[PDB]
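Undergrad: Input input-v3.pdb, format and content: PDB, C-alpha atoms and all ligand atoms.
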```pdb
MODEL        1
ATOM      1  CA  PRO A   1     -59.784 -10.651 -62.996  1.00  0.00           C
ATOM      2  CA  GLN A   2     -61.566 -11.010 -59.654  1.00  0.00           C
ATOM      3  CA  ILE A   3     -62.582 -14.562 -59.025  1.00  0.00           C
ATOM      4  CA  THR A   4     -65.204 -15.320 -56.442  1.00  0.00           C
ATOM      5  CA  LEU A   5     -65.227 -18.553 -54.534  1.00  0.00           C
ATOM      6  CA  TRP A   6     -68.808 -19.701 -54.727  1.00  0.00           C
ATOM      7  CA  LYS A   7     -67.595 -22.448 -57.025  1.00  0.00           C
ATOM      8  CA  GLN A   8     -64.186 -23.947 -57.688  1.00  0.00           C
ATOM      9  CA  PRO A   9     -61.789 -21.433 -59.238  1.00  0.00           C
ATOM     10  CA  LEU A  10     -61.083 -23.366 -62.393  1.00  0.00           C
ATOM     11  CA  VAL A  11     -59.209 -21.809 -65.276  1.00  0.00           C
ATOM     12  CA  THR A  12     -57.798 -22.854 -68.592  1.00  0.00           C
ATOM     13  CA  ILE A  13     -54.079 -23.348 -68.804  1.00  0.00           C
ATOM     14  CA  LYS A  14     -51.716 -24.016 -71.657  1.00  0.00           C
ATOM     15  CA  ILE A  15     -48.802 -26.325 -70.822  1.00  0.00           C
ATOM     16  CA  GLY A  16     -46.580 -28.373 -73.074  1.00  0.00           C
ATOM     17  CA  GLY A  17     -48.677 -27.392 -76.049  1.00  0.00           C
ATOM     18  CA  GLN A  18     -51.844 -28.724 -74.416  1.00  0.00           C
ATOM     19  CA  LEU A  19     -54.889 -27.049 -72.991  1.00  0.00           C
ATOM     20  CA  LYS A  20     -56.052 -28.242 -69.590  1.00  0.00           C
ATOM     21  CA  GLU A  21     -58.442 -27.124 -66.860  1.00  0.00           C
ATOM     22  CA  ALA A  22     -56.802 -26.459 -63.497  1.00  0.00           C
ATOM     23  CA  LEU A  23     -57.725 -25.224 -60.035  1.00  0.00           C
ATOM     24  CA  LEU A  24     -56.177 -22.023 -58.634  1.00  0.00           C
ATOM     25  CA  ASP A  25     -55.076 -23.449 -55.272  1.00  0.00           C
ATOM     26  CA  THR A  26     -53.698 -21.202 -52.549  1.00  0.00           C
ATOM     27  CA  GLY A  27     -53.352 -24.240 -50.259  1.00  0.00           C
ATOM     28  CA  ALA A  28     -50.871 -25.903 -52.672  1.00  0.00           C
ATOM     29  CA  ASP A  29     -47.189 -25.019 -52.408  1.00  0.00           C
ATOM     30  CA  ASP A  30     -46.521 -26.658 -55.769  1.00  0.00           C
ATOM     31  CA  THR A  31     -48.228 -27.022 -59.176  1.00  0.00           C
ATOM     32  CA  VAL A  32     -49.338 -30.613 -59.880  1.00  0.00           C
ATOM     33  CA  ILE A  33     -50.617 -31.791 -63.247  1.00  0.00           C
ATOM     34  CA  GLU A  34     -51.997 -35.129 -64.424  1.00  0.00           C
ATOM     35  CA  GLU A  35     -49.894 -37.409 -66.498  1.00  0.00           C
ATOM     36  CA  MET A  36     -48.429 -35.753 -69.550  1.00  0.00           C
ATOM     37  CA  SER A  37     -45.085 -35.420 -71.322  1.00  0.00           C
ATOM     38  CA  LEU A  38     -42.823 -32.462 -70.679  1.00  0.00           C
ATOM     39  CA  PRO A  39     -39.350 -31.674 -72.099  1.00  0.00           C
ATOM     40  CA  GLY A  40     -36.102 -31.629 -70.149  1.00  0.00           C
ATOM     41  CA  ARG A  41     -34.820 -33.579 -67.254  1.00  0.00           C
ATOM     42  CA  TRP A  42     -36.838 -34.496 -64.251  1.00  0.00           C
ATOM     43  CA  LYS A  43     -36.324 -35.968 -60.829  1.00  0.00           C
ATOM     44  CA  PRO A  44     -38.632 -37.938 -58.545  1.00  0.00           C
ATOM     45  CA  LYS A  45     -40.491 -36.392 -55.666  1.00  0.00           C
ATOM     46  CA  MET A  46     -43.142 -37.372 -53.125  1.00  0.00           C
ATOM     47  CA  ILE A  47     -45.805 -34.858 -52.423  1.00  0.00           C
ATOM     48  CA  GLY A  48     -48.595 -35.269 -49.804  1.00  0.00           C
ATOM     49  CA  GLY A  49     -51.982 -34.020 -48.706  1.00  0.00           C
ATOM     50  CA  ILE A  50     -55.302 -35.409 -47.554  1.00  0.00           C
ATOM     51  CA  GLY A  51     -55.027 -39.133 -48.054  1.00  0.00           C
ATOM     52  CA  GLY A  52     -51.185 -39.310 -48.045  1.00  0.00           C
ATOM     53  CA  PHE A  53     -48.478 -39.002 -50.639  1.00  0.00           C
ATOM     54  CA  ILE A  54     -48.129 -39.543 -54.348  1.00  0.00           C
ATOM     55  CA  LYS A  55     -45.001 -39.970 -56.404  1.00  0.00           C
ATOM     56  CA  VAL A  56     -44.473 -37.361 -59.109  1.00  0.00           C
ATOM     57  CA  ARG A  57     -41.928 -36.247 -61.658  1.00  0.00           C
ATOM     58  CA  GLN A  58     -40.442 -32.804 -61.035  1.00  0.00           C
ATOM     59  CA  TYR A  59     -39.713 -30.699 -64.109  1.00  0.00           C
ATOM     60  CA  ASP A  60     -38.134 -27.308 -63.676  1.00  0.00           C
ATOM     61  CA  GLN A  61     -38.351 -24.175 -65.788  1.00  0.00           C
ATOM     62  CA  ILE A  62     -41.636 -25.018 -67.467  1.00  0.00           C
ATOM     63  CA  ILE A  63     -43.616 -22.259 -69.131  1.00  0.00           C
ATOM     64  CA  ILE A  64     -47.301 -22.206 -68.459  1.00  0.00           C
ATOM     65  CA  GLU A  65     -50.000 -19.809 -69.573  1.00  0.00           C
ATOM     66  CA  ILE A  66     -52.670 -19.452 -66.852  1.00  0.00           C
ATOM     67  CA  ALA A  67     -55.886 -17.767 -67.833  1.00  0.00           C
ATOM     68  CA  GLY A  68     -53.899 -15.720 -70.336  1.00  0.00           C
ATOM     69  CA  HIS A  69     -50.938 -14.878 -68.100  1.00  0.00           C
ATOM     70  CA  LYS A  70     -47.535 -16.449 -68.658  1.00  0.00           C
ATOM     71  CA  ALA A  71     -45.390 -17.846 -65.885  1.00  0.00           C
ATOM     72  CA  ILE A  72     -42.362 -20.095 -65.587  1.00  0.00           C
ATOM     73  CA  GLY A  73     -41.582 -22.522 -62.767  1.00  0.00           C
ATOM     74  CA  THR A  74     -41.534 -26.097 -61.578  1.00  0.00           C
ATOM     75  CA  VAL A  75     -44.341 -28.448 -62.509  1.00  0.00           C
ATOM     76  CA  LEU A  76     -44.918 -31.777 -60.844  1.00  0.00           C
ATOM     77  CA  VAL A  77     -46.512 -34.481 -62.975  1.00  0.00           C
ATOM     78  CA  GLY A  78     -48.311 -37.508 -61.610  1.00  0.00           C
ATOM     79  CA  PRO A  79     -51.530 -39.108 -60.508  1.00  0.00           C
ATOM     80  CA  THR A  80     -53.252 -36.113 -59.051  1.00  0.00           C
ATOM     81  CA  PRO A  81     -57.065 -36.238 -59.162  1.00  0.00           C
ATOM     82  CA  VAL A  82     -57.254 -32.530 -60.054  1.00  0.00           C
ATOM     83  CA  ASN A  83     -54.802 -30.276 -62.011  1.00  0.00           C
ATOM     84  CA  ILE A  84     -53.776 -27.673 -59.403  1.00  0.00           C
ATOM     85  CA  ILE A  85     -51.925 -24.373 -59.908  1.00  0.00           C
ATOM     86  CA  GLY A  86     -50.005 -23.822 -56.730  1.00  0.00           C
ATOM     87  CA  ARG A  87     -48.338 -20.850 -55.129  1.00  0.00           C
ATOM     88  CA  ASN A  88     -45.097 -21.270 -57.042  1.00  0.00           C
ATOM     89  CA  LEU A  89     -46.968 -20.090 -60.169  1.00  0.00           C
ATOM     90  CA  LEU A  90     -49.765 -18.064 -58.565  1.00  0.00           C
ATOM     91  CA  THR A  91     -47.200 -15.594 -57.351  1.00  0.00           C
ATOM     92  CA  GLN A  92     -45.866 -15.111 -60.845  1.00  0.00           C
ATOM     93  CA  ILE A  93     -49.218 -14.114 -62.263  1.00  0.00           C
ATOM     94  CA  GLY A  94     -49.704 -11.678 -59.430  1.00  0.00           C
ATOM     95  CA  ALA A  95     -52.471 -13.499 -57.684  1.00  0.00           C
ATOM     96  CA  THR A  96     -53.571 -12.452 -54.241  1.00  0.00           C
ATOM     97  CA  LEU A  97     -56.312 -13.391 -51.807  1.00  0.00           C
ATOM     98  CA  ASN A  98     -58.392 -10.379 -50.778  1.00  0.00           C
ATOM     99  CA  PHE A  99     -61.003  -9.964 -48.072  1.00  0.00           C
TER     100      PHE A  99
ATOM    101  CA  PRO B   1     -56.393  -7.508 -46.214  1.00  0.00           C
ATOM    102  CA  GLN B   2     -54.512  -8.452 -49.342  1.00  0.00           C
ATOM    103  CA  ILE B   3     -52.596 -11.748 -48.923  1.00  0.00           C
ATOM    104  CA  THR B   4     -49.761 -12.517 -51.286  1.00  0.00           C
ATOM    105  CA  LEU B   5     -48.671 -16.050 -51.897  1.00  0.00           C
ATOM    106  CA  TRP B   6     -44.897 -16.011 -51.591  1.00  0.00           C
ATOM    107  CA  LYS B   7     -45.421 -17.787 -48.274  1.00  0.00           C
ATOM    108  CA  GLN B   8     -48.240 -20.053 -47.145  1.00  0.00           C
ATOM    109  CA  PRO B   9     -51.425 -18.067 -46.452  1.00  0.00           C
ATOM    110  CA  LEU B  10     -51.600 -19.052 -42.802  1.00  0.00           C
ATOM    111  CA  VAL B  11     -53.917 -17.192 -40.479  1.00  0.00           C
ATOM    112  CA  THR B  12     -55.113 -17.526 -36.910  1.00  0.00           C
ATOM    113  CA  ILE B  13     -58.586 -18.934 -36.401  1.00  0.00           C
ATOM    114  CA  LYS B  14     -60.638 -19.219 -33.244  1.00  0.00           C
ATOM    115  CA  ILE B  15     -62.838 -22.270 -32.713  1.00  0.00           C
ATOM    116  CA  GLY B  16     -64.113 -23.570 -29.401  1.00  0.00           C
ATOM    117  CA  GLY B  17     -62.511 -20.563 -27.657  1.00  0.00           C
ATOM    118  CA  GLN B  18     -59.119 -21.758 -28.849  1.00  0.00           C
ATOM    119  CA  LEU B  19     -56.680 -20.244 -31.272  1.00  0.00           C
ATOM    120  CA  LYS B  20     -55.262 -22.387 -34.065  1.00  0.00           C
ATOM    121  CA  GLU B  21     -53.363 -21.781 -37.283  1.00  0.00           C
ATOM    122  CA  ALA B  22     -55.024 -22.617 -40.572  1.00  0.00           C
ATOM    123  CA  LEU B  23     -54.347 -22.333 -44.284  1.00  0.00           C
ATOM    124  CA  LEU B  24     -56.586 -20.254 -46.491  1.00  0.00           C
ATOM    125  CA  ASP B  25     -57.240 -22.744 -49.261  1.00  0.00           C
ATOM    126  CA  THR B  26     -59.064 -21.865 -52.440  1.00  0.00           C
ATOM    127  CA  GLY B  27     -58.513 -25.452 -53.658  1.00  0.00           C
ATOM    128  CA  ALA B  28     -60.559 -26.873 -50.797  1.00  0.00           C
ATOM    129  CA  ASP B  29     -64.373 -26.977 -51.121  1.00  0.00           C
ATOM    130  CA  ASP B  30     -64.701 -27.637 -47.413  1.00  0.00           C
ATOM    131  CA  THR B  31     -63.048 -26.631 -44.115  1.00  0.00           C
ATOM    132  CA  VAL B  32     -61.137 -29.440 -42.434  1.00  0.00           C
ATOM    133  CA  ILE B  33     -59.613 -29.169 -38.955  1.00  0.00           C
ATOM    134  CA  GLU B  34     -57.399 -31.538 -36.955  1.00  0.00           C
ATOM    135  CA  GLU B  35     -58.936 -33.657 -34.245  1.00  0.00           C
ATOM    136  CA  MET B  36     -60.679 -31.603 -31.591  1.00  0.00           C
ATOM    137  CA  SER B  37     -63.891 -31.653 -29.680  1.00  0.00           C
ATOM    138  CA  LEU B  38     -66.907 -29.837 -31.013  1.00  0.00           C
ATOM    139  CA  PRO B  39     -70.444 -29.717 -29.655  1.00  0.00           C
ATOM    140  CA  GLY B  40     -73.500 -31.478 -30.991  1.00  0.00           C
ATOM    141  CA  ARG B  41     -74.154 -34.310 -33.333  1.00  0.00           C
ATOM    142  CA  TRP B  42     -72.026 -35.093 -36.365  1.00  0.00           C
ATOM    143  CA  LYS B  43     -72.595 -36.770 -39.741  1.00  0.00           C
ATOM    144  CA  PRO B  44     -70.139 -38.808 -41.753  1.00  0.00           C
ATOM    145  CA  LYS B  45     -68.230 -37.522 -44.729  1.00  0.00           C
ATOM    146  CA  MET B  46     -65.461 -38.917 -46.890  1.00  0.00           C
ATOM    147  CA  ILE B  47     -63.228 -36.328 -48.487  1.00  0.00           C
ATOM    148  CA  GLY B  48     -60.748 -36.736 -51.203  1.00  0.00           C
ATOM    149  CA  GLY B  49     -57.478 -35.126 -51.674  1.00  0.00           C
ATOM    150  CA  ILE B  50     -54.284 -35.630 -53.489  1.00  0.00           C
ATOM    151  CA  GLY B  51     -53.283 -38.956 -51.876  1.00  0.00           C
ATOM    152  CA  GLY B  52     -56.654 -40.598 -51.464  1.00  0.00           C
ATOM    153  CA  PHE B  53     -59.495 -40.199 -48.986  1.00  0.00           C
ATOM    154  CA  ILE B  54     -60.003 -39.633 -45.300  1.00  0.00           C
ATOM    155  CA  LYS B  55     -63.037 -40.062 -43.110  1.00  0.00           C
ATOM    156  CA  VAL B  56     -64.116 -36.986 -41.189  1.00  0.00           C
ATOM    157  CA  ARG B  57     -66.827 -35.857 -38.810  1.00  0.00           C
ATOM    158  CA  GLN B  58     -69.132 -33.135 -40.161  1.00  0.00           C
ATOM    159  CA  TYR B  59     -70.333 -30.542 -37.700  1.00  0.00           C
ATOM    160  CA  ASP B  60     -72.757 -27.900 -38.914  1.00  0.00           C
ATOM    161  CA  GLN B  61     -73.357 -24.324 -37.816  1.00  0.00           C
ATOM    162  CA  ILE B  62     -70.094 -23.995 -35.888  1.00  0.00           C
ATOM    163  CA  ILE B  63     -69.015 -20.537 -34.793  1.00  0.00           C
ATOM    164  CA  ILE B  64     -65.502 -19.844 -36.063  1.00  0.00           C
ATOM    165  CA  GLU B  65     -63.431 -16.676 -36.458  1.00  0.00           C
ATOM    166  CA  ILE B  66     -60.952 -16.523 -39.386  1.00  0.00           C
ATOM    167  CA  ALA B  67     -58.348 -13.782 -39.297  1.00  0.00           C
ATOM    168  CA  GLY B  68     -60.702 -11.723 -37.201  1.00  0.00           C
ATOM    169  CA  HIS B  69     -63.742 -12.301 -39.421  1.00  0.00           C
ATOM    170  CA  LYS B  70     -66.697 -14.142 -37.871  1.00  0.00           C
ATOM    171  CA  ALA B  71     -68.234 -17.091 -39.704  1.00  0.00           C
ATOM    172  CA  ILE B  72     -70.784 -19.755 -38.782  1.00  0.00           C
ATOM    173  CA  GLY B  73     -70.800 -22.887 -40.839  1.00  0.00           C
ATOM    174  CA  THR B  74     -69.692 -26.422 -41.487  1.00  0.00           C
ATOM    175  CA  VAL B  75     -66.475 -27.739 -40.070  1.00  0.00           C
ATOM    176  CA  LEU B  76     -65.073 -31.199 -40.892  1.00  0.00           C
ATOM    177  CA  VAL B  77     -62.868 -32.777 -38.201  1.00  0.00           C
ATOM    178  CA  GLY B  78     -60.399 -35.514 -39.012  1.00  0.00           C
ATOM    179  CA  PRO B  79     -56.864 -36.567 -39.819  1.00  0.00           C
ATOM    180  CA  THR B  80     -56.004 -33.717 -42.073  1.00  0.00           C
ATOM    181  CA  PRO B  81     -52.263 -32.866 -42.277  1.00  0.00           C
ATOM    182  CA  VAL B  82     -53.017 -29.173 -41.645  1.00  0.00           C
ATOM    183  CA  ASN B  83     -56.031 -27.079 -40.751  1.00  0.00           C
ATOM    184  CA  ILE B  84     -57.680 -25.908 -43.997  1.00  0.00           C
ATOM    185  CA  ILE B  85     -60.197 -23.084 -44.448  1.00  0.00           C
ATOM    186  CA  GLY B  86     -62.076 -23.973 -47.589  1.00  0.00           C
ATOM    187  CA  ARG B  87     -64.488 -22.151 -49.826  1.00  0.00           C
ATOM    188  CA  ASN B  88     -67.523 -22.734 -47.643  1.00  0.00           C
ATOM    189  CA  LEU B  89     -66.025 -20.285 -45.131  1.00  0.00           C
ATOM    190  CA  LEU B  90     -63.846 -18.225 -47.478  1.00  0.00           C
ATOM    191  CA  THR B  91     -67.104 -17.089 -49.077  1.00  0.00           C
ATOM    192  CA  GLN B  92     -68.469 -16.073 -45.667  1.00  0.00           C
ATOM    193  CA  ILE B  93     -65.512 -13.739 -45.008  1.00  0.00           C
ATOM    194  CA  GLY B  94     -65.785 -12.268 -48.528  1.00  0.00           C
ATOM    195  CA  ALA B  95     -62.604 -13.649 -49.995  1.00  0.00           C
ATOM    196  CA  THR B  96     -61.719 -13.409 -53.662  1.00  0.00           C
ATOM    197  CA  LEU B  97     -58.753 -14.257 -55.794  1.00  0.00           C
ATOM    198  CA  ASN B  98     -57.398 -11.331 -57.776  1.00  0.00           C
ATOM    199  CA  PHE B  99     -54.813 -10.952 -60.521  1.00  0.00           C
TER     200      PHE B  99
HETATM  201  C1  LIG A 101     -64.186 -31.215 -50.034  1.00  0.00           C
HETATM  202  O1  LIG A 101     -63.272 -30.545 -49.174  1.00  0.00           O
HETATM  203  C2  LIG A 101     -61.970 -30.774 -49.450  1.00  0.00           C
HETATM  204  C3  LIG A 101     -61.503 -31.774 -50.285  1.00  0.00           C
HETATM  205  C4  LIG A 101     -60.128 -31.890 -50.488  1.00  0.00           C
HETATM  206  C5  LIG A 101     -59.219 -31.091 -49.814  1.00  0.00           C
HETATM  207  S1  LIG A 101     -57.498 -31.236 -50.105  1.00  0.00           S
HETATM  208  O2  LIG A 101     -56.718 -30.798 -48.902  1.00  0.00           O
HETATM  209  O3  LIG A 101     -57.166 -32.601 -50.534  1.00  0.00           O
HETATM  210  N1  LIG A 101     -57.076 -30.232 -51.337  1.00  0.00           N
HETATM  211  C6  LIG A 101     -57.878 -30.349 -52.534  1.00  0.00           C
HETATM  212  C7  LIG A 101     -57.070 -30.205 -53.830  1.00  0.00           C
HETATM  213  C8  LIG A 101     -55.886 -31.175 -53.894  1.00  0.00           C
HETATM  214  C9  LIG A 101     -57.969 -30.536 -55.044  1.00  0.00           C
HETATM  215  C10 LIG A 101     -56.830 -28.861 -50.894  1.00  0.00           C
HETATM  216  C11 LIG A 101     -55.408 -28.472 -51.269  1.00  0.00           C
HETATM  217  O4  LIG A 101     -55.259 -27.048 -51.295  1.00  0.00           O
HETATM  218  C12 LIG A 101     -54.378 -29.151 -50.375  1.00  0.00           C
HETATM  219  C13 LIG A 101     -54.403 -28.590 -48.950  1.00  0.00           C
HETATM  220  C14 LIG A 101     -53.398 -29.319 -48.069  1.00  0.00           C
HETATM  221  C15 LIG A 101     -52.241 -28.652 -47.676  1.00  0.00           C
HETATM  222  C16 LIG A 101     -51.293 -29.359 -46.965  1.00  0.00           C
HETATM  223  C17 LIG A 101     -51.495 -30.701 -46.678  1.00  0.00           C
HETATM  224  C18 LIG A 101     -52.706 -31.317 -46.964  1.00  0.00           C
HETATM  225  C19 LIG A 101     -53.649 -30.631 -47.705  1.00  0.00           C
HETATM  226  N2  LIG A 101     -53.043 -28.990 -50.929  1.00  0.00           N
HETATM  227  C20 LIG A 101     -52.240 -29.903 -51.473  1.00  0.00           C
HETATM  228  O5  LIG A 101     -52.512 -31.098 -51.667  1.00  0.00           O
HETATM  229  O6  LIG A 101     -51.025 -29.404 -51.819  1.00  0.00           O
HETATM  230  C21 LIG A 101     -50.069 -30.348 -52.304  1.00  0.00           C
HETATM  231  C22 LIG A 101     -49.397 -29.704 -53.519  1.00  0.00           C
HETATM  232  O7  LIG A 101     -48.402 -28.821 -53.002  1.00  0.00           O
HETATM  233  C23 LIG A 101     -47.992 -29.249 -51.702  1.00  0.00           C
HETATM  234  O8  LIG A 101     -48.305 -28.206 -50.773  1.00  0.00           O
HETATM  235  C24 LIG A 101     -49.076 -28.683 -49.691  1.00  0.00           C
HETATM  236  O9  LIG A 101     -48.389 -28.523 -48.447  1.00  0.00           O
HETATM  237  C25 LIG A 101     -47.367 -29.514 -48.476  1.00  0.00           C
HETATM  238  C26 LIG A 101     -48.142 -30.734 -48.939  1.00  0.00           C
HETATM  239  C27 LIG A 101     -49.228 -30.191 -49.883  1.00  0.00           C
HETATM  240  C28 LIG A 101     -48.870 -30.434 -51.342  1.00  0.00           C
HETATM  241  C29 LIG A 101     -59.678 -30.164 -48.910  1.00  0.00           C
HETATM  242  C30 LIG A 101     -61.043 -30.039 -48.710  1.00  0.00           C
ENDMDL
END
```
Using structure tokens, write down the structure that the file contains.

TA:
Amino acid sequence: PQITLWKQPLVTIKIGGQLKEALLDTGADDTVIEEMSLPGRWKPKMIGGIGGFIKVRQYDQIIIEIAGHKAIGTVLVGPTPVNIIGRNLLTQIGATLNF
Amino acid sequence: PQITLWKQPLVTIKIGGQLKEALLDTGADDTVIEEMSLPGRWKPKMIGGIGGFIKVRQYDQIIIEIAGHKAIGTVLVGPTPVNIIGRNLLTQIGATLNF
């Protein structure tokens, strides 16, 4: 699709058997989801933005379906105020910014 | 142009006659720029990101060029980790997300 930016570009995602709403975020290197369980090993990470850093769990090789399009990559899980789909998965669904 | 997301979507902006680098950020409602001097009066705003909140100065109707495209609108100035062009100005330059 073509998504305009008059309002937040929120989409439905499927991750870990769950549906969630998430923001398509070109300013995010990484994908960050609110607390949930994921399979496999993880390792700790600090990620930071406006207001500082938060501690997250890094899970690799997670399959996500984003607005209908499947992708695999790393997902960070922790106390983010907004589920954000970052560039590591935006690339995989072929998303671009056009103007 | 068409901007892919394999690398950060950094562009050159011009504000106050000066060139700066900034991130095109569809996950940002507002444009936030590192400390600089802007003309006129400002109003207070608190903005909230991943790691909590920062206080910024809101300047309205500021002339800014983004990747060669002219915009005039609200710029927030404060202790942001990077210069962010948010949706208030992405919509002025006609940006969309496409996949
Ligand atoms: C109302 O107006 C606003 C309100 C909030 C924000 S924001 O900067 O907090 N943010 C909102 C979003 C979290 C809901 C915009 C994001 O695009 C920021 C934009 C951002 C970029 C860099 C640093 C600070 C902020 N990105 C971000 O937090 O990315 C995280 C995840 O991946 C990592 O990549 C980034 O680069 C490495 C660190 C960050 C990490 C901007 C304008």

Undergrad: Starting from the PyMOL selection byres ((chain A and not hetatm) within 8 of (chain B)), expand the selection into actual residues of this file and give them as a PyMOL selection string.

TA: chain A and resi 1-9+23-29+48-54+80-82+84+87-88+90-91+93-99

Undergrad: Suppose you want the space between CA of residue 66 in chain B and CA of residue 30 in chain B; what is it in Å?

TA: 14.2 Å

Undergrad: Would you mind reading off the distance between atom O7 of ligand LIG 101 (chain A) and CA of residue 61 in chain B, one decimal, in Å?

TA: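 Separation between atom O7 of ligand LIG 101 (chain A) and CA of residue 61 in chain B: 29.6 Å.
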
Undergrad: Could you check how far atom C27 of ligand LIG 101 (chain A) sits from CA of residue 15 in chain B, in Å to one decimal?

TA: 23.3 Å

Undergrad: How big is the axis-aligned box, and where does its centre sit, when it encloses all atoms of range 27-40 of chain B listed in the file and has 4 Å added on every side, reported in Å to one decimal as JSON?

TA:
```
{"center_x": -65.4, "center_y": -29.6, "center_z": -41.7, "size_x": 24.1, "size_y": 16.2, "size_z": 32.0}
```

Undergrad: With all atoms listed in the file as the atoms that count, which of B:43, B:20, B:14, B:57 lies nearest to residue 77 in chain B?

TA: B:57

Undergrad: Restricting the calculation to only C-alpha atoms and all ligand atoms, which member of A:31, A:74, A:12, A:18 is positioned closest to ligand LIG 101 (chain A)?

TA: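 Answer, going by the shortest atom-to-atom distance: A:31.
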
Undergrad: Of the residues A:56, A:11, A:63, A:45, which is the one nearest to residue 33 in chain A, using only C-alpha atoms?

TA: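 Closest candidate: A:56.
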
Undergrad: Evaluating the PyMOL selection byres (((chain A and resi 37) around 12) and not hetatm) on the displayed file yields which residues, as a list in words?

TA: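 The output of the PyMOL selection byres (((chain A and resi 37) around 12) and not hetatm) on this file is residues 15, 16, 17, 18, 33, 34, 35, 36, 38, 39, 40, 41, 42, 57, 58, 59, 62, 75, 76, 77 and 78 of chain A.
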
Undergrad: Write out as a list in words which residues come within 6 Å of residue 65 in chain B when counting all atoms listed in the file, dropping same-chain ones fewer than 5 positions away.

TA: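 With the cut-off at 6 Å, the set is residues 13, 14, 70 and 71 of chain B.
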